[PDB]
Amino acid sequence: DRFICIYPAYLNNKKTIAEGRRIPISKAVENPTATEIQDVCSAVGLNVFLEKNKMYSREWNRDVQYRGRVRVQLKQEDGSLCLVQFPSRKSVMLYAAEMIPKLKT
RNA sequence: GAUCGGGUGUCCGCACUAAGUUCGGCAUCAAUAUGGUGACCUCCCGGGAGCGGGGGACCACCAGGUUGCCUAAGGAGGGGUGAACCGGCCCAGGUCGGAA
């Protein structure tokens, strides 16, 4: 249950920094959903599970494309990292916004 | 002192003026030092979230301290709208995050 939280607004380049965005607009994607975040994180070897009805507090869009929250495992509960490539949440958010466009485009 | 010279201001659909009487049109500058506000961009740092700590970049408006290669004149006036989603703020309920 000590898994970090990642919203689709963290990688949304059509959102300002005050609207939820966590990475620059140069390395962010246009409208990533919580299923594109879980699929490209689980495709590198990460422990990710999807909470499809978990919305963002700063998100206002009541429709389905903007809901969702992905919960990623960084530590095996012994303090050690699951992968040495993902030590922080920012290395999980710069990887998913790099592999999401390879899916549909 | 009789007529009466010599000359003006009353009479005009008049000539030109320009203190007022009255309603409109157009128009109404910019740079500095200080602080403030709002946004936005980009980094670190902490967190299971809503979030919290910190470094810069840029934009507009704002207060008021000096000013000008500034005006035909350019107030640091007064007000109103700020909504059907675009100012900021305080935000009931609701609502999203939370075990709270």
# chains A, B, ... in the order shown; residues from 1 in each chain; ligands from 1
>>> interface_residues(of="chain A", to="chain B", cutoff="10 Å", atoms="only C-alpha atoms (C1' of nucleotides)", output="short mmCIF file (atom, residue, chain, number, x, y, z; two decimals) with N, CA, C and O atoms, in the first residue's frame")
data_model
loop_
_atom_site.label_atom_id
_atom_site.label_comp_id
_atom_site.auth_asym_id
_atom_site.auth_seq_id
_atom_site.Cartn_x
_atom_site.Cartn_y
_atom_site.Cartn_z
N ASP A 1 0.81 -1.22 0.00
CA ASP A 1 0.00 0.00 0.00
C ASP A 1 0.85 1.28 0.00
O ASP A 1 0.30 2.38 -0.14
N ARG A 2 2.16 1.13 0.16
CA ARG A 2 3.10 2.26 0.10
C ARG A 2 3.60 2.48 -1.33
O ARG A 2 4.81 2.57 -1.59
N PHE A 3 2.66 2.58 -2.26
CA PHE A 3 2.94 2.81 -3.67
C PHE A 3 2.67 4.27 -4.00
O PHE A 3 1.69 4.86 -3.55
N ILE A 4 3.56 4.85 -4.82
CA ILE A 4 3.44 6.25 -5.21
C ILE A 4 2.27 6.43 -6.17
O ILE A 4 1.82 5.49 -6.83
N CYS A 5 1.72 7.65 -6.20
CA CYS A 5 0.57 8.01 -7.03
C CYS A 5 1.01 8.81 -8.26
O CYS A 5 1.85 9.71 -8.15
N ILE A 6 0.46 8.46 -9.42
CA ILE A 6 0.70 9.14 -10.70
C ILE A 6 -0.64 9.32 -11.39
O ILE A 6 -1.29 8.34 -11.76
N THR A 16 -1.08 23.54 -17.34
CA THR A 16 -0.03 24.35 -16.74
C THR A 16 0.55 23.61 -15.52
O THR A 16 0.14 22.50 -15.17
N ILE A 17 1.54 24.24 -14.87
CA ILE A 17 2.15 23.67 -13.66
C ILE A 17 1.18 23.76 -12.48
O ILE A 17 1.20 22.89 -11.59
N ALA A 18 0.31 24.77 -12.46
CA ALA A 18 -0.73 24.92 -11.44
C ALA A 18 -1.97 24.04 -11.69
O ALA A 18 -2.80 23.92 -10.78
N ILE A 23 6.09 17.51 -15.16
CA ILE A 23 7.26 17.48 -16.03
C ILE A 23 7.12 18.65 -17.01
O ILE A 23 6.01 19.17 -17.20
N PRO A 24 8.23 19.11 -17.61
CA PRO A 24 8.12 20.22 -18.57
C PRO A 24 7.23 19.87 -19.76
O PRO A 24 6.92 18.70 -20.01
N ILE A 25 6.79 20.91 -20.49
CA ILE A 25 5.95 20.72 -21.67
C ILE A 25 6.76 20.14 -22.84
O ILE A 25 6.17 19.59 -23.79
N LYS A 54 -10.43 6.77 -9.75
CA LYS A 54 -9.72 7.73 -8.90
C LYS A 54 -9.37 8.96 -9.72
O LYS A 54 -8.56 8.89 -10.65
N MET A 55 -9.98 10.09 -9.38
CA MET A 55 -9.83 11.34 -10.12
C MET A 55 -8.85 12.26 -9.39
O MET A 55 -8.42 11.99 -8.27
N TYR A 56 -8.47 13.35 -10.06
CA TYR A 56 -7.56 14.34 -9.52
C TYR A 56 -8.36 15.46 -8.84
O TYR A 56 -9.47 15.79 -9.26
N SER A 57 -7.79 16.02 -7.76
CA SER A 57 -8.44 17.11 -7.05
C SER A 57 -8.45 18.40 -7.89
O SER A 57 -9.44 19.13 -7.91
N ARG A 58 -7.34 18.67 -8.61
CA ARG A 58 -7.26 19.81 -9.52
C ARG A 58 -7.95 19.58 -10.87
O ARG A 58 -8.22 20.56 -11.58
N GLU A 59 -8.21 18.32 -11.24
CA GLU A 59 -8.96 18.00 -12.46
C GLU A 59 -10.44 18.32 -12.27
O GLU A 59 -11.03 18.01 -11.23
N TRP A 60 -11.03 18.92 -13.31
CA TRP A 60 -12.43 19.30 -13.34
C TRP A 60 -13.26 18.50 -14.34
O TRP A 60 -14.48 18.40 -14.16
N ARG A 71 -0.89 3.51 -9.82
CA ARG A 71 -0.09 3.37 -8.60
C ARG A 71 1.07 2.43 -8.89
O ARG A 71 0.87 1.24 -9.14
#
>>> residues_around(residues="range 53-61 of chain B", least_positions_apart="6", cutoff="9 Å", atoms="only C-alpha atoms (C1' of nucleotides)", output="PDB file with C-alpha atoms (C1' of nucleotides), in the first residue's frame")
ATOM      1  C1'   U B  37      -0.323  41.763  -7.068  1.00  0.00           C
ATOM      2  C1'   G B  38      -1.713  38.286 -10.617  1.00  0.00           C
ATOM      3  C1'   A B  39      -0.097  34.689 -14.050  1.00  0.00           C
ATOM      4  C1'   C B  40       3.503  31.600 -16.534  1.00  0.00           C
ATOM      5  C1'   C B  41       8.033  29.078 -17.576  1.00  0.00           C
ATOM      6  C1'   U B  42      12.224  25.925 -15.475  1.00  0.00           C
ATOM      7  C1'   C B  43      14.877  23.402 -11.405  1.00  0.00           C
ATOM      8  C1'   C B  44      15.907  21.063  -6.951  1.00  0.00           C
ATOM      9  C1'   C B  45      13.569  18.792  -1.793  1.00  0.00           C
ATOM     10  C1'   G B  46       9.889  15.908   1.328  1.00  0.00           C
TER      11        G B  46
END
>>> atom_distance(atom1="CA of residue 83 in chain A", atom2="CA of residue 36 in chain A")
20.3 Å
>>> closest_residue(among="B:90, B:79, B:33, B:8", to="residue 66 in chain B", atoms="only C-alpha atoms (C1' of nucleotides)")
B:33
>>> decode(residues="range 56-104 of chain A", atoms="N, CA and C atoms", output="compact mmCIF listing (two decimals), in the first residue's frame")
# COMPACT_ATOMS: atom_id res chain seq x y z
N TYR A 56 -8.47 13.35 -10.06
CA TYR A 56 -7.56 14.34 -9.52
C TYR A 56 -8.36 15.46 -8.84
N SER A 57 -7.79 16.02 -7.76
CA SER A 57 -8.44 17.11 -7.05
C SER A 57 -8.45 18.40 -7.89
N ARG A 58 -7.34 18.67 -8.61
CA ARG A 58 -7.26 19.81 -9.52
C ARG A 58 -7.95 19.58 -10.87
N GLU A 59 -8.21 18.32 -11.24
CA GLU A 59 -8.96 18.00 -12.46
C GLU A 59 -10.44 18.32 -12.27
N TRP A 60 -11.03 18.92 -13.31
CA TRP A 60 -12.43 19.30 -13.34
C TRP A 60 -13.26 18.50 -14.34
N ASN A 61 -12.63 17.94 -15.38
CA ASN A 61 -13.35 17.25 -16.45
C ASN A 61 -14.00 15.98 -15.89
N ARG A 62 -15.34 16.02 -15.77
CA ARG A 62 -16.14 14.92 -15.24
C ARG A 62 -16.20 13.71 -16.16
N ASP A 63 -15.69 13.81 -17.39
CA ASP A 63 -15.77 12.73 -18.36
C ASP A 63 -14.62 11.73 -18.17
N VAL A 64 -14.69 10.63 -18.93
CA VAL A 64 -13.90 9.42 -18.66
C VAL A 64 -12.44 9.50 -19.14
N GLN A 65 -12.13 10.36 -20.12
CA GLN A 65 -10.76 10.42 -20.65
C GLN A 65 -9.76 11.02 -19.66
N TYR A 66 -10.22 11.78 -18.65
CA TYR A 66 -9.37 12.50 -17.69
C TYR A 66 -9.39 11.91 -16.27
N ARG A 67 -10.18 10.87 -16.02
CA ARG A 67 -10.17 10.16 -14.74
C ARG A 67 -9.11 9.05 -14.76
N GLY A 68 -8.88 8.47 -13.59
CA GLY A 68 -7.92 7.39 -13.48
C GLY A 68 -6.67 7.82 -12.71
N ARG A 69 -6.08 6.86 -12.01
CA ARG A 69 -4.82 7.06 -11.28
C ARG A 69 -4.05 5.74 -11.31
N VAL A 70 -2.78 5.81 -11.68
CA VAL A 70 -1.90 4.64 -11.71
C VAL A 70 -1.04 4.67 -10.46
N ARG A 71 -0.89 3.51 -9.82
CA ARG A 71 -0.09 3.37 -8.60
C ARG A 71 1.07 2.43 -8.89
N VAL A 72 2.29 2.97 -8.81
CA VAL A 72 3.51 2.28 -9.24
C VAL A 72 4.30 1.86 -8.00
N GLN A 73 4.93 0.69 -8.06
CA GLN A 73 5.79 0.21 -6.98
C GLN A 73 7.23 0.62 -7.24
N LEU A 74 7.83 1.32 -6.28
CA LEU A 74 9.23 1.72 -6.34
C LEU A 74 10.13 0.89 -5.42
N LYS A 75 9.61 0.41 -4.28
CA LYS A 75 10.39 -0.39 -3.33
C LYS A 75 9.68 -1.71 -3.03
N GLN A 76 10.49 -2.74 -2.77
CA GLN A 76 10.02 -4.08 -2.46
C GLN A 76 9.59 -4.24 -0.99
N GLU A 77 9.39 -3.13 -0.27
CA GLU A 77 9.02 -3.04 1.15
C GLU A 77 10.20 -3.36 2.08
N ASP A 78 11.40 -3.60 1.54
CA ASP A 78 12.62 -3.68 2.34
C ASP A 78 13.48 -2.43 2.21
N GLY A 79 12.93 -1.35 1.64
CA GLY A 79 13.64 -0.11 1.41
C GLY A 79 14.38 -0.03 0.09
N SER A 80 14.70 -1.18 -0.51
CA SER A 80 15.45 -1.23 -1.77
C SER A 80 14.52 -1.01 -2.96
N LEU A 81 15.07 -0.42 -4.02
CA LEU A 81 14.30 -0.13 -5.22
C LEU A 81 13.97 -1.42 -5.98
N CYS A 82 12.79 -1.42 -6.62
CA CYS A 82 12.39 -2.55 -7.47
C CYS A 82 13.24 -2.62 -8.74
N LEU A 83 13.44 -1.48 -9.40
CA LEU A 83 14.42 -1.32 -10.47
C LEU A 83 15.35 -0.17 -10.11
N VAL A 84 16.63 -0.29 -10.48
CA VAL A 84 17.59 0.79 -10.26
C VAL A 84 17.44 1.92 -11.27
N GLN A 85 16.67 1.70 -12.35
CA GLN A 85 16.37 2.71 -13.37
C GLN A 85 15.28 3.70 -12.94
N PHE A 86 14.38 3.29 -12.02
CA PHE A 86 13.31 4.14 -11.47
C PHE A 86 13.52 4.33 -9.96
N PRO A 87 14.46 5.23 -9.55
CA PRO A 87 14.63 5.52 -8.11
C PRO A 87 13.60 6.51 -7.57
N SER A 88 13.17 7.46 -8.40
CA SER A 88 12.26 8.54 -8.01
C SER A 88 10.97 8.48 -8.84
N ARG A 89 9.96 9.26 -8.41
CA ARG A 89 8.71 9.38 -9.17
C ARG A 89 8.91 10.17 -10.46
N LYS A 90 9.93 11.03 -10.51
CA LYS A 90 10.19 11.86 -11.69
C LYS A 90 10.82 11.05 -12.82
N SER A 91 11.55 9.97 -12.50
CA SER A 91 12.05 9.04 -13.51
C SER A 91 10.98 8.07 -14.01
N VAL A 92 9.87 7.91 -13.27
CA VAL A 92 8.70 7.15 -13.74
C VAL A 92 7.81 8.03 -14.65
N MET A 93 7.78 9.36 -14.42
CA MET A 93 6.96 10.29 -15.20
C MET A 93 7.65 10.77 -16.49
N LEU A 94 9.00 10.76 -16.54
CA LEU A 94 9.75 11.08 -17.75
C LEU A 94 9.89 9.89 -18.71
N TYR A 95 9.69 8.66 -18.21
CA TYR A 95 9.68 7.45 -19.04
C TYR A 95 8.31 7.19 -19.67
N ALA A 96 7.22 7.36 -18.91
CA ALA A 96 5.88 7.10 -19.45
C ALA A 96 5.50 8.11 -20.53
N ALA A 97 5.88 9.38 -20.36
CA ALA A 97 5.66 10.39 -21.39
C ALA A 97 6.59 10.23 -22.61
N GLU A 98 7.60 9.35 -22.53
CA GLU A 98 8.50 9.05 -23.64
C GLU A 98 8.04 7.84 -24.46
N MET A 99 7.32 6.89 -23.83
CA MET A 99 6.84 5.66 -24.44
C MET A 99 5.35 5.70 -24.80
N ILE A 100 4.58 6.66 -24.25
CA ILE A 100 3.14 6.77 -24.59
C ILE A 100 2.92 7.09 -26.07
N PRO A 101 3.65 8.04 -26.70
CA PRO A 101 3.42 8.28 -28.15
C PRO A 101 3.78 7.11 -29.07
N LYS A 102 4.64 6.17 -28.63
CA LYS A 102 4.98 5.01 -29.45
C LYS A 102 3.83 4.02 -29.59
N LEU A 103 2.80 4.14 -28.75
CA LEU A 103 1.67 3.22 -28.74
C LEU A 103 0.72 3.48 -29.92
N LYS A 104 0.13 4.69 -29.98
CA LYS A 104 -0.84 5.04 -31.02
C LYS A 104 -0.21 5.70 -32.25
